[PDB]
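Okay, so here's just one chain, in C-alpha cells, the form deposited in one PDB entry.
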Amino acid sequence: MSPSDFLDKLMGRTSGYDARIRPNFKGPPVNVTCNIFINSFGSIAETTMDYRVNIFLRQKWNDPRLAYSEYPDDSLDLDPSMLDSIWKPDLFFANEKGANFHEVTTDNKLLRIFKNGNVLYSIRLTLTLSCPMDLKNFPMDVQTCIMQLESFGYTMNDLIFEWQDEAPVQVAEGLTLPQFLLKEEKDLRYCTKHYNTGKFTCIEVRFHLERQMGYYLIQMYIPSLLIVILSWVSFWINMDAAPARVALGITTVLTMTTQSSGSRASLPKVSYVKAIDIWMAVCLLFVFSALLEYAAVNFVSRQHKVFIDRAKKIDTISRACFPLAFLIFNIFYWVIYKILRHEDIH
C-alpha cells in the first residue's frame, strides 16, 4: 500500500501519538542502550585544558506505541526531517564546553524502527570536552580523558542509560595522534549524579593517552646536555685565560636560564615542580658550580710555588670528577622514572 499513508496513519493525530509522553508513562523506567563510534580525535591542548573529538552516537530503546505488524518489511528506514515527531531522550554531556551539529547537505541524522517497536537513532556530533590533567612527571606522563553522558530532566524512575554488552566503543581504523598513543583498553564505569533536584543517570568512558618522548628529547634534553659539556670544556683551558673562561661561564649560565624559562612556554601555570624543572635546575647548578670553581681557582692563584700546585690540582681533579657525578645523576634520574612510569595506569 502507498508508503505516504502508513507514516501519518501510524504517527498522526488520527493515531493519537504524543511525542511529549514517554513510551510507558507510568511503569518501569525506559532503558536506553548506547554505543559510540570515534571518527577523529585530536586538538589536545594543555593550556585550554581541553580536547576536541568527533563521534557518532547511537541510541536504542523500545517504544510499544510504534509497533507495526501489517507492513511486510521487517525494518524501515526513515527521513531525517521526521525526527521532531518522535520521543527522544534528553542526553547531555557534563564536560561539554563546545558543541555543534552538521548540516552539509542535509541533517546528519539516521532513524530506524523495527517491527517489535525498537528504535535506533544515530547522530553525528563534534564536542570539545574538558579534561583535568596532572602535570607532574610531565615528559613521562599518562593522561586520562573522560566523557560523561547524563540525563538533564528525567530521574531514575523514568530514564536509565546502559552500555552495550558487545563493542560499546570502537575507533576508526588508521587513527593516529602526533604526540600521543591511544591505548586499546577502554574503561566503562557507572556514575550517578546527586543534586537538590533529584537523582539522574550517568555513564562514563575513560581513555588512556601516553605522551611521546621523541620531540622532548630532540628539543630540550639534548641542548641542555650540550651546554653542560660546553661548560665542561672550560676545565681544559689555561687558567690565565680569565676573560675567555669568564665569558664562557656567563654565556653558559645565561643560555641555561633562557632555556629553562622557555621550557614552560606552552603549559598552564601550575604551582608544583615537574621533572623537566628538576632537570633544568640540576643543569643550571652544574654550570654555576663550574663558574664558582674557576672563581675559586683564580682567587687562590693570586695569593702571593705551593699555591701553584694547589690551584693546578683542582683543575686536574675537576677534569675527571665532573663527568662521573653527572653520569651518576643520569643513572638515578632515568631509572626511577621508568619504575614509577611502569606503575599501573589505574
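Numbering starts at 1 and follows the sequence shown. Rigid core (definition): largest C-alpha set, two forms, superposition within 1.5 Å.
Keep in mind that the form deposited in another entry is missing from the display, and what follows is about it.
No residue of 188, 270, 171, 202 other than 270 has its CA displaced by 2 Å or more between the shown form and the other one when the core is superposed.
Residue 255 is among the residues whose C-alpha shifts by 2 Å or more between the shown form and the other one once the rigid core is aligned.
Annotation: Cα of residue 227 displaced by at least 2 Å between the shown form and the other one, core superposition. After superposition on the rigid core, the Cα atom of residue 65 is displaced by less than 2 Å between the shown form and the other one. Relative to the shown form, the CA atoms of residue 268 and residue 212 are brought 3 Å or more closer together in the other entry.
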